[PDB]
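Here the structure comes first, spelled out in structure tokens, and everything after it is commentary.
Here is the naming used below: chain letters follow the sequence lines, and residue numbers restart at 1 for every chain.
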Protein chains: 2
Amino acid sequence: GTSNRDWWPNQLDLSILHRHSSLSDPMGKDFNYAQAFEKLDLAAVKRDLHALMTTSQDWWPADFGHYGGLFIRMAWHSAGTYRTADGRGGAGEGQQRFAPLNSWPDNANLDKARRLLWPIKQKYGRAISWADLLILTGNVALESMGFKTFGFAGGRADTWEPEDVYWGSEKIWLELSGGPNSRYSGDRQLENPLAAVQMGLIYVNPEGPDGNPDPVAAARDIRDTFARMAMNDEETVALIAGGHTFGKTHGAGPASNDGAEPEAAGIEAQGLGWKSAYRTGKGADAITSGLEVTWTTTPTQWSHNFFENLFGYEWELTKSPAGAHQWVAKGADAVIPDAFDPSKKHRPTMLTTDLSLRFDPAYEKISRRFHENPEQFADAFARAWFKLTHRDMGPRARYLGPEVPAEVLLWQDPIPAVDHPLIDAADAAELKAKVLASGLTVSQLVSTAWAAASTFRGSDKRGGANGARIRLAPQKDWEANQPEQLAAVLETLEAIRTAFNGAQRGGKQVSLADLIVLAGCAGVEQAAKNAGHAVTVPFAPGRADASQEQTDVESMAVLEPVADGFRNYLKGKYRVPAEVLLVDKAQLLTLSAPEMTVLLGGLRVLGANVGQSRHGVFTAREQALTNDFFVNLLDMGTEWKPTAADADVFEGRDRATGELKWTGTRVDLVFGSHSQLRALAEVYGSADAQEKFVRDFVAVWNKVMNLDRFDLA
Amino acid sequence: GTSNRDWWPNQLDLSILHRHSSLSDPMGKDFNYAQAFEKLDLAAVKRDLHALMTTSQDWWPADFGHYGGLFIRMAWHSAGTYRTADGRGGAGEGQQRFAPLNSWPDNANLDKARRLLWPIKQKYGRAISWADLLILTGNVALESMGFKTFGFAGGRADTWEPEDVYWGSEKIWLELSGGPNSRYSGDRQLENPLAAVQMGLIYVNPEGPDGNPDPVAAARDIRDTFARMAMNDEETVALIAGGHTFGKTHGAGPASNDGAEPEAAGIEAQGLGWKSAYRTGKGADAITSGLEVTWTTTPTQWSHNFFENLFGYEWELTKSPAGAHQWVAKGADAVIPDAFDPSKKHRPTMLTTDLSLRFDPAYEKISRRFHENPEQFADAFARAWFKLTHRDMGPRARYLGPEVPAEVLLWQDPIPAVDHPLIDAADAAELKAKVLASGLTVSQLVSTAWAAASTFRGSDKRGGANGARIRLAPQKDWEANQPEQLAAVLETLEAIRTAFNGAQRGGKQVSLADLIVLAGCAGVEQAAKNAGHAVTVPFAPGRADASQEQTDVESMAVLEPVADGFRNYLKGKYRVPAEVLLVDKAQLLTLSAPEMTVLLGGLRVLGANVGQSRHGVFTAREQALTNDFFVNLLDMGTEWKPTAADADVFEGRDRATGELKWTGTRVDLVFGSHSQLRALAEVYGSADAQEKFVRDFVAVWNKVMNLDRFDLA
Ligand code: HEM
Ligand code: HEM
Ligand SMILES: [Cl-]
Ligand code: NA
Ligand code: NA
């Protein structure tokens with residue numbers, strides 16, 4: 001059946017903005033997962049999970065009698081897709097049960113693990129999400145085997161369809177680098193926003209880079225991919241060694257024995273894949289990756305035997321039964337247990353990527369410290385496992401249940417508690433009046449608040465106006481934020497704040513985070529007044545100010561907007577057309593196409609553009625909140641042509657006279673070109689739309705201001 | 001950017017069920033287009049449209065000074081995509097402004113017509129939809145040029161994204177037959193559900209079949225495509241000759257002069273396409289189809305000149321300036337006006353497809369009759385133009401405004417007015433009790449009501465339980481309806497009705513249409529009681545019974561379900577897998593994926609299957625309303641394999657014992673396989689979901705029973 005994407009494969013795709021509708025959701029419109037989870041008996045779930053660890057099912061028998069290693073793998077893969085570049089992937093939406101992740105080669109046989117969990121999911125129903133249960137299962141596995149975890153938070157609501165994520169451009173699973181759609185260039189530079197070395201892998205190739213079994217060069221890929229998932233060298237060593245303290249790999253014969261991945265399998269498979277023709281197809285004959293490695297002498301118990309072995313033996317290169325490269329300790333006795341036959345024992349083995357922890361000189365220092373001090377290893381691994389499995393859950397205000405760790409970690413971008421009465425409606429009105437009397441303009445007010453709020457991304461729920469981090473390094477110096485103009489605005493707002501707070505009795509005080517947002521509200525209200533309309537923009541106090549010491553500057557770097565179409569801003573020149581980058585930003589801001597449309601057309605005429613650019617400012621009444629952007633953009637009396645200077649900037653000229661009326665970028669003009677976006681712009685550009693434009697603008701403005709306000713959930 | 005469609009190009013696509021969400025819609029959730037239109041001043045709009053007809057714009061100068069012909073073509077193409085096979089296409093959603101229809105070759109330069117209407121759309125805003133306006137404009141054109149129309153109804157609400165329609169499998173615009181994805185086979189048999197001869201054409205090729213200029217063979221294509229758009233020979237001749245009484249074609253030089261169609265054009269084109277390098281690119285130099293034909297001596301006025309010319313001259317095959325085949329009148333004087341130069345005149349010309357109306361023996365009889373009796377032609381063309389432009393609008397209850405024709409036409413599938421008091425709540429309870437006392441089973445009651453209601457399709461709003469057409473030819477004889485079982489149920493219900501109605505005072509009476517639905521309600525209530533739940537099913541009276549004479553049996557044939565997954569029914573063997581046909585049916589019923597899921601799992605256990613098949617009946621308590629289908633389908637204790645006798649029927653056996661537990665079809669098992677549908681089934685199959693399943697079932701049951709109830713809208 002030929003489709004629009006076939007005829008026009010380079011057109012912009014807006015359906016990414018309308019995923020997750022109420023249509024696709026089986027839960028009623030008022031279902032609140034946090035309410036449901038809060039009443040779950042978590043300890044009962046964990047008791048059922050403990051029992052499951054050693055209750056083997058004949059259709060996928062448990063290695064060593066214990067599913068713990070499988071389930072730790074399952075949870076590491078659930079969380080391991082996460083990229084810090086855009087916040088996409090991670091465990092927070094339970095996407096491992098959807099395409100494509102459910103059928104990634106690195107997720108082979110995790111379909112069995114998820115099926116083992118169905119009886120418990122079924123038992124507890126809507127009170128525990130699949131997303132939460134994958135992580136919780138991993139924790140219970142660790143606990144069951146003697147490892148004390150750092151805690152657990154619930155609150156990952158289930159999703160009901162695949163997320164739209166760029167995982168690469170390769171059309172072949174697992175394609176080696178350097179092909180026609182290579183994700184590498186230069187000196188092994190991986191393209192942003194990717195965080196894995198090959199299509200369908202979680203991070204790296206266990207045999208080594210593109211299959212070359214060189215531990216030293218494998219360590220380079222490890223470090224780069226793990227960094228791209230927000231983990232440093234200590235956390236990386238802890239996580240790899242910690243995970244490999246348990247269970248085994250599966251390669252009992254040749255890989256090709258496996259059948260079709262779950263999305264390609266027959267209907268009779270009922271959602272399972274990789275059906276194997278090798279012997280029984282399962283248990284002792286299981287084939288997953290094609291490697292056949294067991295790391296420790298007690299694969300079902302926490303130990304310090306991974307580093308005892310790694311350092312205690314010299315390693316030689318060998319091949320698994322499927323022909324994959326792996327390593328063996330030949331001088332060793334057969335001390336490692338067999339998964340099914342009590343009369344069989346085996347020599348220690350390792351992956352190339354395990355040896356990376358000993359043969360990369362930076363990793364070796366850490367590994368040795370963890371070898372000599374296994375309590376330090378246990379603590380680092382507990383903290384890194386928590387971070388891994390929670391990194392995309394957002395502000396601590398979202399964490400549910402009885403096991404949440406009380407320690408506040410720097411990576412959580414923490415927000416201090418508020419311990420004082422908040423401003424009321426009358427106070428908010430008094431502050432808006434003071435802000436407007438200071439001389440700050442509508443442009444200044446709206447630009448500042450947009451810059452503070454518009455760092456949010458819904459992918460990992462980082463960013464937003466809470467914290468007043470716009471005043472701190474590095475946000476205060478980001479070029480998008482216009483640092484000298486920003487410094488002048490903040491100085492004036494901070495004097496307003498000091499004055500207001502100094503006049504209060506009884507503990508009442510306003511944060512700078514709240515004031516920056518309220519001041520943006522006052523700018524919007526004044527722009528509405530400039531256009532002849534009285535509106536009240538909603539405002540919800542309770543944001544707090546974070547310190548520079550509570551702000552990891554390096555981790556903040558990924559939130560810098562290098563393209564923000566809402567401010568007509570492009571930091572440099574990109575491969576991807578600017579309109580594509582607009583829709584990507586809209587998705588991260590959780591906007592629909594209509595909301596993206598209204599918001600951009602208001603921002604244009606409010607003076608939100610970086611540098612006071614005239615591009616897209618299609619109004620003779622700037623700083624008034626009107627629908628002039630749309631009226632002017634859609635006027636057929638104006639003809640548009642790309643400039644000689646720059647093919648991405650366009651001149652709009654009177655069609656009859658040739659007089660220059662306007663200039664725009666691709667972000668501006670796409671609203672007059674793309675057939676769906678132009679249909680939207682026509683609604684807002686109609687004669688009957690002045691009231692709707694203003695109302696819908698204020699609503700989306702408010703939505704953006706509140707994106708991180710999980711304290712008000 | 002690789003997507004799920006790329007990796008698994010044959011997987012089932014559910015996003016067709018969640019189009020048209022509140023996400024994509026710019027209007028607020030309570031916007032009611034009918035209310036808005038009802039307050040439009042239609043007379044004012046029509047005066048602005050009359051004015052526009054001769055207000056020539058320089059960027060697309062009007063032929064002969066009058067845009068009428070252009071706008072009649074525009075309207076005829078808006079309506080001309082309609083297929084009776086599935087009800088998809090047509091003018092009722094204004095889809096001409098979206099991909100792909102906005103860029104179909106046959107819609108070349110209709111992007112200019114639509115842009116000429118922007119100032120009017122903008123003026124009236126939300127009170128007139130683009131969908132209604134394209135039709136209205138056509139009507140005004142006709143009127144402006146002297147032709148009295150039969151009427152106009154408003155009420156086509158706009159849509160905000162492309163509809164999902166199978167338009168063919170060809171990967172090349174306009175590909176001639178017999179290619180790798182040929183839409184023809186056999187003795188020029190066009191594949192259902194298609195109604196055009198080439199990809200990107202409305203009906204037929206104006207040069208003749210696959211470009212061969214044979215009027216007699218062209219007539220065959222005309223007759224077949226037009227029949228597939230619900231028009232007979234009389235209506236076809238009246239429409240073709242009526243339309244070609246006006247305007248002209250455009251082929252002033254070679255076609256290749258045209259540039260990119262609108263979805264491929266640069267951003268600076270602002271939504272327009274087919275930019276021509278030939279001379280001025282417009283007006284006297286316009287190039288649309290590549291044909292250069294003007295049919296009459298007065299192309300801006302209604303006349304009788306089309307038939308005068310067609311019969312009055314002998315025709316010679318010639319070539320347009322672009323090399324297309326067309327016809328010129330032998331030995332004629334230059335009597336046809338030039339569109340721009342008052343000093344130039346032209347000989348009469350015709351398309352191959354115009355000559356079809358003279359050289360096909362059936363058409364020639366009609367054409368001669370219209371030639372000899374031009375009042376008969378005028379009336380037929382008015383009626384056929386109304387039908388063309390209204391055929392997908394649904395029941396007359398949807399028609400808005402002051403120009404709706406009072407005459408009821410057979411093609412509208414008319415429903416008689418109700419002229420008596422309706423049954424109230426006490427009466428409905430009394431009738432449900434009598435239904436249940438008669439001995440009618442849950443299975444009978446539910447199957448009958450599903451058969452009556454489930455004929456509805458939202459594409460053209462035909463079908464549904466209003467009318468009691470299930471008792472009439474041909475519905476009563478459809479295989480899916482189980483004709484012998486159906487006749488026994490209707491006999492019993494009709495004695496109930498006669499008795500009830502006989503006992504009433506006043507004019508109170510119940511229709512059989514209402515009773516069939518009320519009886520289904522009672523069976524659902526009894527099934528809930530059988531399961532231990534106390535459930536009342538909503539019911540809305542007011543359906544009326546249509547007569548056999550108000551029911552065109554041939555036009556009804558396209559509503560026969562040849563595939564109905566909800567009854568586990570497939571009439572024959574088809575190319576498209578049964579799960580695909582399930583989702584297609586869901587879409588026509590306007591169901592989301594969750595509603596499709598709940599409804600099928602309930603229907604299975606209520607005994608709605610055709611022939612009392614056990615396929616998918618995964619319960620030990622048939623005729624009780626429970627969530628057993630889901631619980632049992634998701635039980636990993638059961639293993640599924642395709643049968644030896646039939647690869648599309650499956651046996652589910654105990655994994656441990658081998659005992660046969662169930663049998664299922666692909667429609668059944670897809671809910672256990674497809675990753676998104678299995679996610680849905682898991683919600684309904686959970687321990688906490690029995691009450692949610694019952695509730696959700698009753699809601700969707702009721703939605704289906706009310707799909708045609710535009711009298712209640
Ligand atoms: C360089 C990074 C890593 C590499 C290349 C990697 C590689 C692999 C491979 C190839 C397998 C075998 C799959 C099979 O054949 O069954 C596996 C198993 C496993 N991995 Fe990793 N691993 C990495 C990091 C992690 C981390 C961070 C964790 C958890 C903290 C994890 C925990 C496990 C567990 C528990 C198993 C055993 C599965 C079972 O017993 O069924 N690994 N690893
Ligand atoms: C066999 C069916 C038909 C064929 C093959 C056909 C073909 C065409 C073509 C090739 C043109 C020229 C487009 C251009 O170059 O500008 C056109 C024009 C037009 N057709 Fe048809 N036509 C059909 C039916 C209809 C019907 C059913 C109507 C209306 C009831 C219609 C009304 C018009 C009008 C008014 C024009 C004039 C456009 C103008 O003046 O700009 N035609 N037709
Ligand atoms: Cl994601
Ligand atoms: Na994420
Ligand atoms: Na339709």
Top residue by heavy-atom pair count (under 4.5 Å) with chain A, among [options]?
options	value
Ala593(B), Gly168(B), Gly664(B)	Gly168(B)
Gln676(B), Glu263(B), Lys641(B)	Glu263(B)
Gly652(B), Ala687(B), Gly672(B), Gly271(B)	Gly672(B)
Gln57(B), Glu639(B), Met27(B)	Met27(B)
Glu595(B), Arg5(B), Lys692(B)	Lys692(B)
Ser592(B), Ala99(B), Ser169(B)	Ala99(B)

Heavy-atom check, side chain of [X] versus side chain of [Y], under 4.5 Å:
X	Y	answer
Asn181(B)	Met199(B)	no
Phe693(B)	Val598(B)	yes
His20(B)	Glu163(B)	yes
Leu12(A)	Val580(A)	yes
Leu14(B)	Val583(B)	yes
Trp7(A)	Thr2(A)	yes
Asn102(A)	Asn107(A)	no
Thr597(A)	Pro26(B)	no

Chain A contact via [X] - side chain, backbone, both or neither, heavy atoms under 4.5 Å:
X	answer
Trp8(B)	side chain
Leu101(B)	neither
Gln11(B)	side chain
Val683(B)	side chain
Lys171(B)	both
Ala269(B)	neither
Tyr124(B)	backbone
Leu634(B)	both
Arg678(B)	side chain

Proximal component of [X], with respect to chain B [non-hydrogen, under 4.5 Å]:
X	answer
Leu633(A)	both
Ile172(A)	backbone
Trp118(A)	side chain
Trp173(A)	both
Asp58(A)	neither
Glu170(A)	backbone

To the closest 0.5 Å, what do you measure between [atom1] ([X]) and [atom2] ([Y])?
X	Y	atom1	atom2	result
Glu682(B)	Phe630(B)	CD	CZ	11.5 Å
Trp60(B)	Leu272(B)	CH2	CG	10.0 Å
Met596(B)	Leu591(B)	CE	CG	8.5 Å

Relative to chain B, which of [options] shows the most heavy atom pairs under 4.5 Å?
options	result
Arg655(A), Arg126(A), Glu161(A)	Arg126(A)
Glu579(A), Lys123(A), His674(A), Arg97(A)	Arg97(A)
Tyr684(A), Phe671(A), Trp59(A)	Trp59(A)
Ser21(A), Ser24(A), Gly1(A), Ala679(A)	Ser24(A)

Salt bridge (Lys or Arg N to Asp or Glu O under 4.0 Å) partners for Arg695(A), two or more places apart: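 If we apply the salt bridge (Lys or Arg N to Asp or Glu O under 4.0 Å) test to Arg695(A), skipping adjacent residues, there are no hits.
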Side-chain (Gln690(B)) to main-chain (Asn627(B)) donor-acceptor, under 3.5 angstrom: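 Looks like yes, one N/O pair under 3.5 Å.
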Any pair counted as salt bridge (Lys or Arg N to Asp or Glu O under 4.0 Å), so long as it reaches residues 11-27 of chain A, sequence neighbours left out: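 Only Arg19(A)-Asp164(A) qualify under salt bridge (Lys or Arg N to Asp or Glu O under 4.0 Å).
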Pi-cation contact, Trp130(B) with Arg115(B) (under 6.0 Å, within 45°):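 No, cation not above the ring by the 6.0 Å, 45° rule.
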